[PDB]
Amino acid sequence: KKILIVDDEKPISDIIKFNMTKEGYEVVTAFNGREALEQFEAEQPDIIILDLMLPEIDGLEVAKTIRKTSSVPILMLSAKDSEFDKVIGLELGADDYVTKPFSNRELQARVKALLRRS
Ligand code: BEF
Ligand SMILES: [Mn+2]
């Protein structure tokens with residue numbers, strides 16, 4: 001399975017990539033919202049892990065745009081942890097929303113759960 005990891009912070013992207021590589025997934029990365037949409041179109045990932053505070057296009061906009069044409073599972077991963085943040089992310093099309101800092105093991109389990117019901 002292929003996972004697109006969207007995060008502008010390289011250290012965070014690297015940690016998620018390492019953990020997804022350990023699960024046997026193929027990993028593709030994007031460091032801003034524009035790169036996220038370009039990688040989504042070129043790579044057709046099975047699941048997207050999506051940061052929200054991104055340069056060029058924010059994660060909420062990326063999710064809304066992707067949802068116009070695809071039902072690909074989206075797991076938002078952000079430091080934005082308010083009730084409004086989680087509700088808006090889910091209402092715009094996210095299948096899950098995990099807050100930073102996060103557990104690598106829980107992330108793996110949620111990606112598995114999402115792939116299970118998608
Ligand atoms: F910058 Be991500 F929204 F944590
Ligand atoms: Mn960010």
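First listed ligand is number 1; within each ligand, the first listed atom is number 1. Counting begins at 1 with the first residue of the sequence.
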Interfacing atoms of ligand 1 (cut-off 4.0 Å, heavy-atom, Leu52): 2 (Be), 3 (F)
Contacting atoms of ligand 1, where contact means under 4.0 angstrom from a heavy atom of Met53: 1 (F), 2 (Be), 3 (F)
Search all heavy atoms of [X] against all heavy atoms of [Y] and return the closest pair with its distance.
| X | Y | value |
| --- | --- | --- |
| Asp8 | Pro55 | CB-CD, 3.6 Å |
| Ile15 | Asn19 | O-ND2, 2.8 Å |
| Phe31 | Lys10 | CE2-CD, 3.6 Å |
| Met76 | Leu60 | CE-CD2, 4.0 Å |

Note: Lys100, heavy atoms under 4.0 Å from ligand 1, region reported as side chain
Counting backbone and side-chain atoms alike, is an N, O or S atom of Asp7 positioned under 2.8 Å from the Mn ion (ligand 2)? no
Give a yes or no on whether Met53 keeps an N, O or S atom under 2.8 Å from the Mn ion (ligand 2). yes
How long is the span from the CD1 atom in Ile16 to the CD atom in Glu9, to the nearest 0.5 Å? 9.5 Å
Atom of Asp51 closest to the Mn ion (ligand 2), considering N, O or S atoms: OD2
Of all the N, O or S atoms in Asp8, which has the shortest distance to the Mn ion (ligand 2)? OD1
Any idea which protein heavy atom is nearest atom 1 (F) of ligand 1, and the distance to it? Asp51 OD1, 2.5 Å
Using a 6.0 Å cut-off, check whether atom NZ of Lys64 has over 12 heavy atoms from anything other than its own residue. no
